[PDB]
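1. first chunk of the complex, coordinates as they sit in the assembly:
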Amino acid sequence: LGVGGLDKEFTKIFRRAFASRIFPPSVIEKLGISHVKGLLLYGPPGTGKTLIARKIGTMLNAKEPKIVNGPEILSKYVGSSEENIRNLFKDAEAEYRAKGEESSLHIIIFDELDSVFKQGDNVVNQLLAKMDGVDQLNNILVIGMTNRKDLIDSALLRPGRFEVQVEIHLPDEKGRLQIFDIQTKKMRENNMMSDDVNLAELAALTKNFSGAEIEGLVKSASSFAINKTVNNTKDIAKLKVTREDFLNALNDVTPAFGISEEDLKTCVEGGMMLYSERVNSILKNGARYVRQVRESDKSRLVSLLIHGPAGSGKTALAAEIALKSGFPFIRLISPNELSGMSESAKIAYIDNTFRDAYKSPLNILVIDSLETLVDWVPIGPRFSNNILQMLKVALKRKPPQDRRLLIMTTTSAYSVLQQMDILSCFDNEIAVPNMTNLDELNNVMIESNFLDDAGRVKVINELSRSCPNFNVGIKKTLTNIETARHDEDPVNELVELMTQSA
């Protein structure tokens, strides 16, 4: 037919809404049943809802559907907006006067149905009165479509109105291998496709692409072969695309529900040097929870707290554990995203982020500096109570239907979180200490190629009686080393910075 990967939920639509339309009225009169008049489809954008609503009508040989946009009718002035509602059905009315129950099936698509409620009452009255009032047309069938099911009021969902509802899902790996077979077909039968490409590879790499994004990949890959030979010449009738084109294109289309990789990675890491055994222990703990979530049925939600002094290195460890996990979906929430929003906008940004994490089979979330998102200042104290009560719920709600996620949160002010008592949310606590031994500083000096070994010995010797007991974080230690590299005499400056920091 033309739609891939929906073979299950395709069946249910036909069974309830259309199979009754195939039989002639005389056997329907024998049963005394009455045709359903509304259907509601919901799911994430770009998944092919309209494609279903169009392709089904071809099997009935029905009229090509009318299509309407909510925001248009709502943003039009009330006058033509009002009169446009009544103008719609005249065709479905007209053939009913001419032919009645022999009349051909009519269909109307009403897009963005939630836009009416997210603030059309006349439209809702008129739209119902034509299908459920006394002026009941039997010709019509209205398809509603929305991204959010929770905004539509139950007054529309009682029987006779929108009585059947279906959910559309992102395609799994068996499905993307079908969607490639649909999109590429014309390139294959004309032999414009090389034979080194193999679609069983491309279905595995496109780990989370939706249906609409796979076209962008095919179209983008094809655009290299054209540009390779332009600049009105021969070989126009001899063009081929190559597996090289199908691997360059993966850099020009970036998926939604993907990995934010210019965050983390190049931004959050300036090193990772295993100066002490305690670092190896923490990275082994972090990697164990990542596999427990992958390989267990019994725990779909885990959340961890990472805490310690300021500048001790918490955020780089939370990112390093994530990039090695390989999960399809990763995002973070940090103060850099929320700057300049009003409080009423901040709560909507947090809420929308969690609504996305319930749509992929595996997920990670990172929350950076929880004490800063709440606006804590100790002089009052002053803080936002509305934002605190949002997070306190979101950390306990479990995702639906065997989806699962791992949450990691970091803080510098454990004494304050204990005073708000929210510590009943977390399943475990990981503590990060500062540096405290001169042997650890020797490892840092070696690993960063400070200077030749004759110099490093004197620096350790000098501190060994000037300040044997110092206590300083790794973030500051790597700064003092880097400024002394540029002075006249590093050995006599680095000691003076470290004793000031001690």
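-> Received the coordinates, thanks. Numbers count the residues shown, from 1 in each chain, chains lettered A, B, ... in the order given.
2. for the helix or strand where residue A:227 lies, C-alpha coordinates in CSV please.
-> Secondary-structure assignment from DSSP states H and E places residue A:227 in helix A:211-229. C-alpha atoms of helix A:211-229 as CSV (Å, rounded to 0.1, in the frame of the first residue of the first chain):
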residue,chain,number,x,y,z
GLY,A,211,9.9,8.4,9.5
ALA,A,212,10.2,12.0,8.3
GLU,A,213,14.0,12.2,9.1
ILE,A,214,14.8,9.2,6.9
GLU,A,215,13.7,11.2,3.8
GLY,A,216,16.1,14.0,4.7
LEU,A,217,18.9,11.4,4.8
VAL,A,218,18.1,9.9,1.4
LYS,A,219,17.6,13.3,-0.1
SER,A,220,20.8,14.6,1.4
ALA,A,221,22.9,11.6,0.3
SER,A,222,21.6,12.0,-3.3
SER,A,223,22.7,15.6,-3.3
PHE,A,224,26.4,14.7,-3.2
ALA,A,225,26.3,12.7,-6.4
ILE,A,226,24.7,15.6,-8.3
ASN,A,227,27.2,18.2,-7.0
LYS,A,228,30.1,15.8,-7.7
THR,A,229,29.6,16.2,-11.5
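3. neighbouring contacts of the helix or strand just after that helix?
-> Downstream of helix A:211-229, the first helix or strand assigned by DSSP H and E is helix A:245-248. Residues from elsewhere that reach helix A:245-248 (Cβ atoms under 8 Å, 6 or more residues apart in numbering): A:197, A:202, A:217, A:221, A:222, A:224, A:225. Where you see a C-beta, it was placed from the backbone N, CA and C, and this is true even at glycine.
4. and helix A:245-248, how far from the chain's centre?
-> Centroid separation for helix A:245-248 versus its chain: 24 Å, with Cα atoms, centre = their mean, to the nearest Å.
5. check the secondary structure at the most centrally placed residue in chain A for me.
-> By Cα atoms, centre = their mean, the mean C-alpha position of chain A lies nearest to residue A:257, the distance being 3.3 Å. With DSSP: H, G, I helix; E, B strand; the rest coil as the basis, residue A:257 sits in coil.
6. that one contacts residue A:356, doesn't it?
-> Yes: the criterion here is Cβ atoms under 8 Å, and residue A:257 meets it with residue A:356 at 7.0 Å.
7. give the buried residues for the helix holding residue A:227.
-> For helix A:211-229, the neighbour count (16 or more other Cβ atoms under 10 Å) marks A:211, A:213, A:214, A:217, A:218, A:220, A:221, A:222, A:224, A:225 as buried.
8. how about residue A:46, nearest residue that isn't a chain neighbour?
-> residue A:212 (3.8 Å; Cβ to Cβ, 6 or more residues apart in numbering).
9. picking up where we left off before, chain center to the helix holding residue A:227, what's the gap?
-> In this view, helix A:211-229 has its centroid 24 Å away from the chain centroid, taken as Cα atoms, centre = their mean.
10. and the residue nearest to residue A:46, how far from residue A:51?
-> 10 Å (Cβ to Cβ, to the nearest Å).
11. swap in residue A:420?
-> According to Cβ to Cβ, residue A:420 stands 50 Å off from residue A:51.
12. hmm, residue A:446 is touching residue A:456, no?
-> Yes: using Cβ under 8 Å as the test, residue A:446 is close enough to residue A:456 to be in contact (7.1 Å).
13. can you pull the contacts of residue A:359?
-> So residue A:359 contacts A:44, A:170, A:257, A:403 (Cβ under 8 Å, 6+ apart).
14. ok, the closest residue to the second one other than its chain neighbours - how many residues close by?
-> Across the structure, with Cβ to Cβ, 6+ apart as the measure, the residue nearest residue A:170 apart from its sequence neighbours is residue A:210 (6.0 Å). Using other Cβ atoms under 10 Å, residue A:210 has 19 other residues around it.
15. just the buried positions in stretch A:377-386, please.
-> Judged by neighbour count using 16+ other Cβ under 10 Å, the buried positions of stretch A:377-386 are residue A:383.
16. and chain B on top of that:
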Amino acid sequence: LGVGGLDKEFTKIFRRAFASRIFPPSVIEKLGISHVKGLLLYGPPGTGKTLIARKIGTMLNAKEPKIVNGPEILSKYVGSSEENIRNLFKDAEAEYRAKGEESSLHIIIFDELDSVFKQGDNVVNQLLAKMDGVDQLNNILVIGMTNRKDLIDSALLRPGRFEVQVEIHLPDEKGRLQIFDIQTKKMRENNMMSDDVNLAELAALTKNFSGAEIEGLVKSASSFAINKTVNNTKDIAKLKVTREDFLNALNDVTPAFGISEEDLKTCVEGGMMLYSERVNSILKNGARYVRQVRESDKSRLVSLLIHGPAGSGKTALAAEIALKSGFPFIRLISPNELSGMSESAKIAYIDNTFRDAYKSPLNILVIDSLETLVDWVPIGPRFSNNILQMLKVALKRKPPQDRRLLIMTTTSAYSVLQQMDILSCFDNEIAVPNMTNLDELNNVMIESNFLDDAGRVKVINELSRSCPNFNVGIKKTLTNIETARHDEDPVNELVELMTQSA
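-> Following on from the chains above, chain B is added here:
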């Protein structure tokens, strides 16, 4: 073609948006790909985004591009505003009905697209309908332009809408040489340009000029040579522009993204004298960080705190370090800039200043009198929490894309910042102490010729017995020395003032 310095952007634009229009229709119908309908260009103003749109379309010999300006739609009356969106496409429809699919390309430029969202839903919806709806045209391509990309709703950026996005940067030194080649062409071939000029020099002095400001320079340098002949004369054919005429024009034109020279030099500095050995060490240690930021790869953000008593000389040291750096971009934020603004306007002025600093290769910021920007007063205490949380984030965010900057900030209220808990933001702290020795008072008098030295002994001989332990700042000392000079008995006046001031 006549556009310079934008090599890499040109390939990326041509490959995706236009190459598909060059091949014959029969081969595109063979592949089955579909033409891209929208392209988004963003960057700083005056950098040739509109220029590119005209000069690309001439290679296709397409029709002259229509132009419409966002505020010219929005500020009209709604009725004629609404009608104009329907009017704009009338030509593209009419040719399509006459030619069908073989119609020539049409192109439309939509300027200040970010004006529509910062409040347009009708005009947004109608614009989408012509490119994404049932009535979608194949003849059009729509070019969008913005400066503040983050104001675009991501609903515009999904496949099929504004699918491709490109950033235009300020030119580097390899590029500014090409712009002078283009702009001077007519002057050189008519021989109206002297042989004493050297375009490879002027490209180096125009250290941060944008393309639109080099037109202003070349025009202004020509106006001197014209005016030199008027008050209109015979022998006009003798004209030449000369190297000196560019050196005079380079004072009449001043760029954005340049030094705020007169607000640093004339206001903040009023004599710098090396009265004591502590002052040599602060300037030496301050000049080290300026070459760390210039030369090191691994550190791209640095922030310093300068703190100490009132009137000690803190603001004059911050400006003296800046004016010797030679960095291209320098600015300061001080209470004089924000006086009389509303709290909702103060936050907007601070935010916009940091987003300019992220566009140049090297930058400095001075943030003066930190406890005054917050309005802190101890009787309540009262202060603004919304401004404090604006600064606490902005001091930690690293600049994008291998750019770098140095931040310096000054305070008198170290005992208060220790309560607001913001001292984790700063990498090093510099202390500026008061005067305490009569050798320091002697050095200040010698530098400023208070009076002949046979008198100058007596001031110290009396203070040495009247009150040796005087403790005063340099700001008050220079004020006392200047008011005694105009008296009848300078010796007693200065001794009295310093004894009282202590």
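17. take the buried residues of helix A:211-229 again, chain B included.
-> A:211-227 (16 or more other Cβ atoms under 10 Å in any protein chain shown).
18. so which bits of the stretch 301-450 of chain A are right by chain B?
-> Within the stretch 301-450 of chain A, the positions adjacent to chain B are A:310-311, A:335-336, A:339-340, A:372, A:375, A:377-379, A:382, A:412 by Cβ under 8 Å from any Cβ of the partner chain.
19. next step: these restricted to helices.
-> With helices taken from DSSP state H, the overlap with those comprises A:335, A:336, A:372.
20. got a list of contacts for stretch A:495-502?
-> With contact meaning Cβ atoms under 8 Å, 6 or more residues apart in numbering or on different chains, stretch A:495-502 is reached by A:459, A:462-463, A:466-467, A:469-472, A:476-477, A:480, A:483-484.
21. please repeat the previous calculation with a cut-off of 6 Å.
-> When contacts are defined by Cβ atoms under 6 Å, 6 or more residues apart in numbering or on different chains, stretch A:495-502 is touched by residues A:462, A:467, A:470, A:472, A:476, A:480.
22. re the thing from before, so which of the buried residues of helix A:211-229 also contact chain B?
-> Filtering these for neighbours of chain B using Cβ under 6 Å from any Cβ of the partner chain leaves A:212, A:216, A:219, A:222, A:223, A:226, A:227.
23. of all the residues in the stretch 51-200 of chain A, which one is nearest chain B?
-> residue A:186 (4.2 Å; Cβ to the nearest Cβ).
24. just checking, that residue touches residue B:32?
-> Yes: counting by Cβ atoms under 6 Å, residue A:186 does reach residue B:32; the two are 4.2 Å apart.
25. let me have the ones in helices among the residues of the stretch 301-450 of chain A next to chain B in JSON lines, adding neighbour count and distance to residue A:268 as columns.
-> Below are these laid out as JSON lines (neighbours: other Cβ atoms under 10 Å in any protein chain shown; distance: Cβ to Cβ, whole Å):
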{"residue": "A:335", "neighbour count": "15", "distance to residue A:268": "14"}
{"residue": "A:336", "neighbour count": "15", "distance to residue A:268": "11"}
{"residue": "A:372", "neighbour count": "18", "distance to residue A:268": "16"}
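26. nearest to residue A:86, of those?
-> residue A:336 (51.2 Å; Cβ to Cβ).
27. excluding covalently adjacent residues, which one is nearest to that closest one?
-> Distances taken as Cβ to Cβ, 6 or more residues apart in numbering or on different chains place residue B:397 nearest to residue A:336, at 5.7 Å, with adjacent residues excluded.
28. now do residue A:196
-> Closest residue in space to residue A:196, ignoring its immediate chain neighbours: residue A:243 at 4.9 Å, by Cβ to Cβ, 6+ apart.
29. next, count neighbours for that neighbour.
-> Other residues within reach of residue A:243, judged by other Cβ atoms under 10 Å in any protein chain shown, total 15.
30. what's the answer for the one 3 residues further on, then?
-> Around residue A:246 there are 23 other residues, counting by other Cβ under 10 Å.
31. can you check residue A:405 too?
-> 22.
32. three-state assignment of residue A:303?
-> With three-state DSSP as the basis, residue A:303 sits in strand.
33. report the beta-bridge partners for the closest residue to it other than its chain neighbours.
-> Using Cβ to Cβ, 6+ apart and skipping the chain neighbours, the partner closest in space to residue A:303 is residue A:407 (4.2 Å). Judged by DSSP bridges, the bridge partners of residue A:407 are residue A:303, residue A:365.
34. residue A:143 should be in a helix, yeah?
-> No: the assignment for residue A:143, made by three-state DSSP, is strand rather than a helix.
35. ok, what's across the strand from it?
-> The residues that residue A:143 bridges to, once DSSP bridges is applied, are residue A:39, residue A:109.
36. contact partners for residue A:85?
-> Listed by Cβ under 6 Å, 6+ apart, the contact set of residue A:85 reads A:123, A:126.
37. go ahead and confirm the residue nearest to residue A:196 touches residue A:198.
-> No: Residue A:243 is not in contact with residue A:198 according to Cβ under 6 Å; the separation is 8.1 Å.
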